[PDB]
Amino acid sequence: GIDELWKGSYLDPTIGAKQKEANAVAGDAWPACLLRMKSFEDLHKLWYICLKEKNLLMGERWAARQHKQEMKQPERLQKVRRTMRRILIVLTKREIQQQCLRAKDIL
Amino acid sequence: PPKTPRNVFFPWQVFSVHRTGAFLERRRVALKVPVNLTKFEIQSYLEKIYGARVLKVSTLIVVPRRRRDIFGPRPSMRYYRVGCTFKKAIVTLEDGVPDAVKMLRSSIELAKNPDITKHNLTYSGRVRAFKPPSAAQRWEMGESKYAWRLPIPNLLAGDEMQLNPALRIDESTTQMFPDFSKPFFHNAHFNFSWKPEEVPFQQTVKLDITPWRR
Amino acid sequence: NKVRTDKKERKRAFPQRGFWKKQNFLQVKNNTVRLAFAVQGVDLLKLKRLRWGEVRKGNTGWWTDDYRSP
Amino acid sequence: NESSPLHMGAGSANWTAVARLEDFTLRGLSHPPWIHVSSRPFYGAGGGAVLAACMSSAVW
Amino acid sequence: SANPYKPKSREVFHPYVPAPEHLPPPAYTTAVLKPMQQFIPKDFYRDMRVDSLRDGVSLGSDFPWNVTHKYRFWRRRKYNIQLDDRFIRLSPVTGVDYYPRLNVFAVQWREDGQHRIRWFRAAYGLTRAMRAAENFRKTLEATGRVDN
Amino acid sequence: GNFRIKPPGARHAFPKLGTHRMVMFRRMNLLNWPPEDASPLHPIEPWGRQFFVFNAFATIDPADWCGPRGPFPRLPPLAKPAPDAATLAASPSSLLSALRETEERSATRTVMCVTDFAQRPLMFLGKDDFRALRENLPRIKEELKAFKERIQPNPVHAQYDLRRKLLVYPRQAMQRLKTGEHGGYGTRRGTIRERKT
Amino acid sequence: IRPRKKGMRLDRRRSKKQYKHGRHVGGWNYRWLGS
Amino acid sequence: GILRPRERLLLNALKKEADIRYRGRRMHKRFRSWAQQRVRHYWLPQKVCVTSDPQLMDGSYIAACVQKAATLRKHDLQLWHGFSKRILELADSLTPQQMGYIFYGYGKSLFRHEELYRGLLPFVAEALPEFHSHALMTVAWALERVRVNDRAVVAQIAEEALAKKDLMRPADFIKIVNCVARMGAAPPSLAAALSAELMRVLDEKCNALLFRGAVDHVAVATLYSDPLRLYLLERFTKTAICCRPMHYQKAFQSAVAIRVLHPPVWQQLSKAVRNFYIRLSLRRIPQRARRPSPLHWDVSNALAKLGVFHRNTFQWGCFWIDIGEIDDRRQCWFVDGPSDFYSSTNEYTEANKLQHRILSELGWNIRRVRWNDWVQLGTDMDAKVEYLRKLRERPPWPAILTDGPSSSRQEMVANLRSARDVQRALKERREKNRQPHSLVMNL
RNA sequence: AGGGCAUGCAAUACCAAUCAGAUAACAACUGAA
RNA sequence: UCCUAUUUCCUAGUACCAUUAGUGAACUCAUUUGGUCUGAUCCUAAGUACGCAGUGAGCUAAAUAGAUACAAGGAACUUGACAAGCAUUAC
RNA sequence: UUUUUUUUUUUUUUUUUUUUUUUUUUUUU
RNA sequence: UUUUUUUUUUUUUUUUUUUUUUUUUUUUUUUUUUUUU
RNA sequence: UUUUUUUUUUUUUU
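Its PDB header attributes the entry to cryo-EM and lists the resolution as 2.89 Å.

In structure tokens:
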């Protein structure tokens, strides 16, 4: 629900500093390599997951901005942006295939 | 920004919580949204993605003020702004929300405590506050002044609540009952706009515009 | 003006003896804030007056220490 | 000398200036001048795949 | 100025408020007020109270207070208080006047078909100046220097 | 207390205009003056003077008293010490709770108090005092009536009247309005004009 | 410009006058791209 | 230019008056709004002609026509009866979609014609498997409005709804439930299953807007179990803001009935919840304008002639009373009618029985007067007075209301027809007495 | 140039008497560019 | 059965934009304490059953700008009656 | 409570703005 | 007399205009064609 | 200076 907006983030008042630091950790962005092997449904779900993570991150970003301080672990945003771009790249190529085919038949 | 199409499969809208320095109600949350979204669209976003219960959505336009580069050893005298134009959204959720998320806190400035001060302050240059009539105050769907003594409510209110208004009168801010015969104010105890029958007859005085005619 | 664009710097050039003090209004405003915190039950004046490293629980001060010889 | 934003905008605005028999060759901060400004420079040692140059002639 | 272009009377006006000449009878008229059969339609009192104040004559015993719903005026209401019915700056003697800017009393009287006005400074005292002006007018009338 | 600690709603439940404005400011200072366990105040008509019966805290015996200290000497109360830090650390209560610990007083001294319009203490009376005062009421009314006869009028009025009767009283001018080009003559005359048919 | 005066004037972009000069930041001799 | 002083004054005063007048108009206008909403996701694309030849019409055509007529409020007997006649002929070639439309139209129009309902029911019963949410909802909704109970078919409808729960709409599901509860055709097992599905539906696919529609006093106390009762009651409190007087009334009624009938469940509620309802009663709830019926007036005249004081119309907390005695307030009368009973029968409705029992519990000496019994008396006043007097000396009705004897369409028709002329002759006689007719002109 | 590339600069002129505007039924109705 | 006819009608959650609700010329201008004072209205007021507002220190020089009180004479002053004065005094 | 929209009344266009994106086979559920 | 307002829209009257049209929201009530008054 | 279901259209008027 609404709680998701701040749950597990630094903004969460029901957890300690160690839990927030443990939660803060993240991995690598999804590459085109992996993103190419997935189907339409998996990419569609991953898009919404990345959007939720971006929405959570933005809050912290703004919070930090308020106090004139740098956000902890700023690379997350970058990671999410790269994954979001790669998904659409994949899809667009998939489409271009068909477009080409069509063109060919008309000619 | 780009217009939203009919069928949205890969939405780009980014939703976030905004920490406001003013006081907010229990069932009210402040969000930061683009300047190109509607009430309905906002409602649906939260209803479908988050699946949160929503009642009302209010929108406001936020524009940063102008600033000038005057300070420093080498000022430029150039104009600028801080932040960006956005839509301040206010969502009236069904459930309650903690204040520690929506409202700011600071110990250095003890005066900055919107959560503690509640609506007692204006947080702006408002010398006089404004408060329209309440639902309960209004005629339609309003609390009755004589319904307390009814038989039906008492049935419900069985050893659970006292409907008698005489048991909830502040003693530190109330005066003793005066005598009708004797002069007295109307506002002392008469919480209405009609003269009680108990009050004796009152005389009327008409101003004399041309007393010299006498 | 906050932007500092009007001709409001002209008068300031000349010397002056004194200026008004809106004590009456300021007092009222302060009182209202004090009241708004008092209804909740927190002392603002006390905290705005206590010595840096001073601890005073409740309504206490110098006077408290008088009778509290032991 | 009164202040009238309506008058100002109805007589001295972007759409009102174009109707003026003036020397438009002069540069204007808050106007639509007709002076050419030479665009983006030549290319050094960057990636050749990411050098932008045209848009209205290429839109598809 | 007392120019022709003014009402002849100085009484409060209560003009008739006629209803539109195409509406049907009100809803409150359908009420059976008989002791045996009783029928109180919806908003009967609401409609009738308003309707009663149409004629303009039947303003009721308490007219100034039967329509002022605002608490602003009610807050100031008092009972069993004696009040005067004459402005302090209004002498009963004809020809006396007071000026706000000049802050002084004046006496108007006609002599030999010519208008003449005298000054009376009220700085020393309002009552003293008022009585002096009244005495001057009375002396004029007694000595017989006012046309008639 | 004259105020409800942590009251409901988002706004004050009492008037904040007129005299009430002053009264709120006056009462906010002292949030604990009126004992929680106190009888309702009873003001008198002529002069604002209220009466109320309450229970006061005990005190240490004078025997065990050190002595007067400061410009306002006062006897110490009778109270027990608060839990120590070692026990509070093991106590399951929170830091907030632990820090907020206070002593414990004994309220077993019933007394009657008289205050002003402002609820300012003035005097304290006990049961024995109150009972004793009742037996001398008839003896005081006669003394008050007898003493009422010794008062005499103020000779100020008579002295002022005699002064003004047998002394000079100069009076100065007022409102000396000037004039422009044309001067005044005590009275003015209007103009006469004819109609245009 | 007043309403009466403005109601009897055309736009500058309605004419060829805008393609009869070479004024630019470089100078007075402008050469169009791809010329 | 310039104006005359005389005219100037008048024009300025007139102008001022205008301002005053305008200020004086928007007083009561509180609930208005410049913005409004119109439903448009139901009209058909194809064009039809209501005034066309019914013979050339088909199922599709007729279906469209029926709904368009209803929407345009073109109430024409001559027009509607032709539709019914053609529908009867084309009954064997109607799609589930078309049938639903037909039903909706009829219901919206309130076209009281049992002959068509009775003929179209059996075909619906056979096509139930191919039915959809919309059709299923419209059938019941129409039926309810027209007050034609069918426990044989209504039950089947419900069962098909339960079978297609995974495909149904929350709104339609809710309305089905409501309809079922009002008609009184759900055995315990069906009721239980309905309740169980309803709770999940409400808690999974319902919002503030959609939840309000689930509130029904008749349904709550006769269909809904305790677990759903408690959840409903608790969620109402939270969802109260986004409500209307129509839902408020229902809520209050629900509360009252629950308190009166089910003390246990009432006590099971929380303090906070209880407080809500407690405070609710104290508020003034708007109500629609009401007036006595012709039957009511006739009964009142007979009663008054008998020599008993009473009232016409008045509210008592949450329930309306037809007649209330002044000498003994405890006493009360109720004037029934054709609508009070199901079509072609004399069986009381669930709402009438619930309101009767609630007042009987609360101690109200309740009496009932039927219309079919009354009509028989004709235009005689002594017979009515004696009729009333014989009733008065008798004890009141029991707590539990019972149904009347059997009836038929034929009888119903006959009665109606008979009454038609009585209501006109009495009006004529009443109206004639008011005319003095004294003045005589010479001419 | 693999992919993407909101909005504004008033645009039927890759054509066609002139005269306002999304470029005007005849006539009234006029002209140094 | 003596009503002018005994003709059902609370209120559909609601697009986009404006707003600091009180005193105060808050507008051009500028030697700009925004808010007190300087003028008519808005409150049946013993000035509204405590409202708004109020800025270093010291000191008998003379001159100048003003206020109050001047013996007798009362235009002898001045180009000119400019200016000043009268219009309050037993209560 | 205003603004928006009809009339007064005007492409007497208030650049980056609108009930204004190609103008109804809309899959009525 | 120095000789003064009316169109959008509302009400009334007169009618063969039209889903470019009022919830598939809700209440009340004796009730309506042709072969039941 | 148009007030609550949207358009077209005719006469009078407080």
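Draft legend 1. Here's a closer look at the overall build of chain H. Each helix and strand in chain H was counted, giving 20 helices and 6 strands. With the principal axes as the frame, chain H shows a C-alpha extent of 85 × 80 × 65 Å. Contacts spanning at least 24 positions in sequence make up 72% of the contacts within chain H whose residues lie at least 6 apart.

Draft legend 2. Quick peek at the interface of chain D and chain G. Chain D puts 14 residues into the contact, and the matching count from chain G is 13 residues. When the buried surface of chain D facing chain G is broken down by residue, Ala-19, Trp-34 and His-36 of chain D rank first, second and third, together holding 44% of it. The interface formed by chain D and chain G holds 0 salt bridges in total.

Draft legend 3. Representation of helix α16 (residues 294-306) of chain H in the model. Its 13 residues place the ends of α16 of chain H 18 Å apart at the C-alpha level, agreeing with the 18 Å of an ideal helix rising 1.5 Å per residue. Every buried residue of α16 of chain H is accounted for by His-296, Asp-298, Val-299, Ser-300, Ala-302, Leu-303 and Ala-304 of chain H. Where the residues of α16 of chain H are buried, they touch β1 (37-38) of chain E together with β1 (310-311), β4 (323-325), β5 (331-335), α18 (371-375) and α19 (381-392) of chain H. Downstream of α16 of chain H by one or two residues, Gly-307 of chain H has phi in the positive range, about 100°.

Draft legend 4. Quick look at the sheet that holds strand β3 (residues 54-62) of chain B. Residue and element names in this part refer to chain B. One open sheet accounts for 4 strands, arranged β1-β2-β6-β3; its pairing is antiparallel. Two strands in the sheet have a free side with no partner beyond their single neighbour: β1 (16-17) and β3. Summarising the sheet, β1 and strand β2 (residues 29-33) pair through 2 bridges and their orientation is antiparallel. Counterpart to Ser-16 in the pairing with β2 is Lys-32.

Draft legend 5. Molecular detail of the UniProt feature "domain: RAP" (unreviewed entry) in chain H. Look at the UniProt record and you will see "domain: RAP" (unreviewed entry) annotated at residues 331-390 of chain H. The straight-line gap between the two end C-alpha atoms of residues 331-390 of chain H is 15 Å; of that span, 45% is helix and 17% is strand.

Draft legend 6. Fine view of the protein's contact with RNA strand M. Residue and element names in this part refer to chain H. The local shell around RNA strand M consists of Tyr-22, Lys-29, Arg-32, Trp-34, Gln-36 and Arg-38. Protein-adjacent atoms of RNA strand M, using a 4 Å cutoff, are sugar or phosphate at a proportion of 67%. With respect to RNA strand M, the side chain of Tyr-22 contributes an N or O atom lying 3.0 Å from a base oxygen. For RNA strand M, a sugar or linking oxygen lies 2.8 Å from a polar atom in the side chain of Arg-38. Split by residue class, the surface near RNA strand M holds 2 nonpolar, 1 polar and 3 charged.

Draft legend 7. A look at unusual backbone geometry. Phi angles above zero are rare outside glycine, and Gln-119 of chain F is one such case at about 60°. Examined against the element boundaries, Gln-119 of chain F turns out to sit in the loop between β5 (107-116) and β6 (121-125). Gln-119 of chain F sits in the buried class, given a relative accessible area of 15%. Of note, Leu-110 of chain H is a non-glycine position whose phi angle comes to about 60°, a positive value. By the secondary structure assignment, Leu-110 of chain H is in the loop between α4 (96-109) and α5 (114-127).

Draft legend 8. Highlighting the protein's contact with RNA strand K. Surrounding RNA strand K, one finds 17 residues, the nearest of these being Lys-3 of chain B, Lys-6 of chain G together with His-41, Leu-44 and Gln-97 of chain H. The sugar-phosphate share of atoms of RNA strand K within 4 Å of the protein amounts to 50%. Between RNA strand K and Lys-6 of chain G there is a distance of 2.7 Å, counted from a phosphate oxygen to a side-chain nitrogen or oxygen. Residue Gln-97 of chain H places a side-chain N or O atom 2.9 Å away from a base oxygen belonging to RNA strand K. Tallied by class, residues from the surface near RNA strand K come to 9 nonpolar, 4 polar and 4 charged.

Draft legend 9. The arrangement of the nonpolar core in detail. Within the largest apolar cluster, 106 residues are counted, with the highest numbers of intra-cluster contacts made by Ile-87 and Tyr-106 of chain H. Ranked by residues supplied to this core, first place goes to helix α6 (residues 133-146) of chain H with 8 residues. Among all residues touching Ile-87 of chain H, those that are not within four sequence positions of it are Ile-62, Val-66, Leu-94, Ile-102, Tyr-106, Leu-116 and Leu-120 of chain H. With 38 residues, the next largest nonpolar core counts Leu-51, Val-80 and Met-84 of chain A together with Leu-46 of chain B among its residues.

Basis of the calculations
- Residues numbered from 1 in each chain as written, not as in the entry; some residues may be left out.
- Chains lettered and ligands numbered in written order.
- Part of a larger assembly, values for the part shown.
- Heavy atoms only, no water.
- Residues with missing side-chain atoms left out of burial classes, pairs and counts.
- Helix = DSSP H or I, 4+ residues; strand = E, 2+ residues; numbered from the N terminus.
- Contact = heavy atoms within 4.5 Å.
- Buried area = accessible area lost by both parts, 1.4 Å probe.
- Salt bridge = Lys/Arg side-chain N within 4 Å of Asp/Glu carboxyl O.
- Expected span 1.5 Å × (residues − 1).
- Buried < 20%, exposed > 50% of the residue type's maximum accessible area, 1.4 Å probe, protein only.
- Pairing = 2+ DSSP bridges.
- UniProt positions renumbered as here; feature names shortened; annotations may be inferred.
- Near = heavy atom within 4 Å.
- Polar contact = N/O pair within 3.5 Å; in protein donor to acceptor, adjacent residues only side chain to side chain.
- Nonpolar A, V, L, I, M, F, W, Y, C, P; charged D, E, K, R; others polar.
- Core = buried A, V, L, I, M, F, W, Y, C linked by side-chain atoms within 4.5 Å.

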